[PDB]
Amino acid sequence: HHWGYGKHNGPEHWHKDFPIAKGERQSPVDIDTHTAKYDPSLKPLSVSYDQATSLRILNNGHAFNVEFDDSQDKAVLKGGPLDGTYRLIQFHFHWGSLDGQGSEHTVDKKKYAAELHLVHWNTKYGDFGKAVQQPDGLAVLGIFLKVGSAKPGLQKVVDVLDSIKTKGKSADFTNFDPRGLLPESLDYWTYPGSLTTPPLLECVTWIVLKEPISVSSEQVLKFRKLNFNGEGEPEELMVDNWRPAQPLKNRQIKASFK
Ligand SMILES: NS(=O)(=O)c1ccc(CCN(Cc2ccco2)C(=O)CN(CCC(=O)O)CCc2ccccc2)cc1
Ligand SMILES: NS(=O)(=O)c1ccc(CCN(Cc2ccco2)C(=O)CN(CCC(=O)O)CCc2ccccc2)cc1
Ligand SMILES: [Zn+2]
């Protein structure tokens with residue numbers, strides 16, 4: 001795999017090794033708020049993270065993942081548009097080189113500074129690798145970040161990043177509560193889509209929260225000090241690791257709220 005976010009290996013090149021990049025349900029997308037229809041049949045989300053067990057934080061060369069114990073139903077997402085139970089496996093972010101870009105989804109073409117993805121897999125498929133082969137295999141909860149006041153629940157993440165500066169580095173990251181990354185409201189938009197990085201599999205029910213979280217300039221500046229490169233290689237700052245909006249095609253975005 002030699003895909004990335006550079007001019008020579010970025011999103012416009014991905015289709016050559018991953019032809020599904022030009023598929024019928026690719027993500028992210030622009031959320032046109034006036035065209036999304038309230039669906040009164042959608043249920044409230046059930047975010048049940050009380051028993052979450054975080055384990056480790058990894059710089060994988062594309063972002064950093066906070067990984068969870070998903071060998072039992074400890075942190076799960078249910079309800080909303082979902083049938084059944086989806087286990088939290090990891091979260092990560094996408095962010096920009098400046099505050100005016102970074103998110104993958106957009107809202108009436110507005111780009112946020114960053115976007116958090118809480119990744120969950122449908123337990124009816126037994127493991128994540130099986131789930132990604134199914135149209136309802138994953139549920140990703142997407143949360144926009146804007147720059148303003150600090151997010152206290154993000155600080156423990158920010159302060160460990162110095163220890164995973166380069167690709168392949170990891171660190172213990174136990175006892176982290178992902179509930180501190182949520183906004184107050186769970187109002188959301190939802191639509192069927194894909195992974196936003198290769199292999200771009202069309203296996204995701206996207207649930208994008210309407211309310212952004214606020215993070216401080218200092219917090220996002222620390223994201224931007226990470227490296228795409230490995231240790232002992234010339235520095236390539238980990239910034240602009242977002243895929244732009246893709247064609248909506250034959251899909252409808254539904255809103256949980258009027
Ligand atoms: N899956 S895809 O999107 O369709 C996709 C896959 C491959 C490429 C080409 C990658 N390119 C262009 C590039 C991209 C960024 C800069 O230059 C390279 O030059 C190859 N080279 C650096 C690629 C890399 O690892 O970044 C690695 C091979 C190599 C050989 C010998 C010694 C060391 C390394 C582009 C897109
Ligand atoms: N931005 S996004 O849309 O939210 C989004 C985009 C990409 C991914 C990546 C998913 N991938 C790559 C992948 C795997 C299969 C297809 O694709 C992995 O997680 C790979 N992982 C190893 C590297 C690692 O995780 O350390 C193993 C996953 C696994 C396989 C089998 C059983 C259990 C777990 C997640 C969310
Ligand atoms: Zn993501």
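All of the numbers you see were taken from the coordinates with simple rules; none came from a lab. No Cβ is skipped: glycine too gets one built from the backbone with ideal geometry, and neighbour counts run over all protein chains shown.
Could you tell me the center-to-center distance, by alpha carbons, between region 127-194 and region 45-83 in angstrom? Region 127-194 and region 45-83 have Cα centres spaced 8 Å from each other. Only beta bridges with both residues in the chain are counted; by DSSP, about 80 percent of them are antiparallel. Taking a Cβ cut-off of under 13 Å around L209, the surrounding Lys, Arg, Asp and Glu residues balance to a net charge of -2, with basic ones at +1 and acidic ones at -1.
Based on Cα contacts under 8 Å between residues 6+ apart, the chain shows a relative contact order of 26 percent.
Taking each DSSP H run with n ≥ 4 as -39500 (n - 2.57) and averaging over every residue of the chain yields -1500 deg cm²/dmol at 222 nm. Provide, for q = 0.14, 0.15 Å⁻¹, the log10 of I(q)/I(0) from a solvent-free Debye sum over equal Cα point scatterers in the chain. Computed log10 I(q)/I(0) values: -0.95, -1.12. Shape index of region 40-87: Rg/Rh, with Rg the Cα radius of gyration and Rh the Kirkwood radius from the inverse mean 1/r over Cα pairs, equals 1.10.
Under 13 Å from the Cβ of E235, count the other residues' Cβ atoms, weight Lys and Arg +1, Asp and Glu -1, and hand me the total. The answer is +1. Taking a straight Cα-Cα cut-off under 14 Å and skipping sequence neighbours fewer than 8 places away in the same chain, the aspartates and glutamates within cross-link reach of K146 are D99, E104, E115, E211, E218. Taking amide H atoms as placed 1.01 Å from N in the peptide plane, the amide H of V107 lies under 5 Å from those of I31, each 5 or more residues away in sequence or on another chain. When the listed pairs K124/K156; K74/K210; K109/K151 are checked against a 28 Å cut-off, the alpha-carbon distance exceeds it for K124/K156. Build a GNM of the chain with springs between Cα atoms under 10 Å apart, and of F93, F173, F64 the one that fluctuates most is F173.
In a simple Cβ point-charge model (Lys, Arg +1; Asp, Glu -1; nothing else charged), the chain has a dipole of about 500 debye relative to its Cα centre. Fully extending the segment from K109 to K225, taken as 0.36 nm per residue of separation minus the present Cα-Cα distance, adds 39.1 nm.
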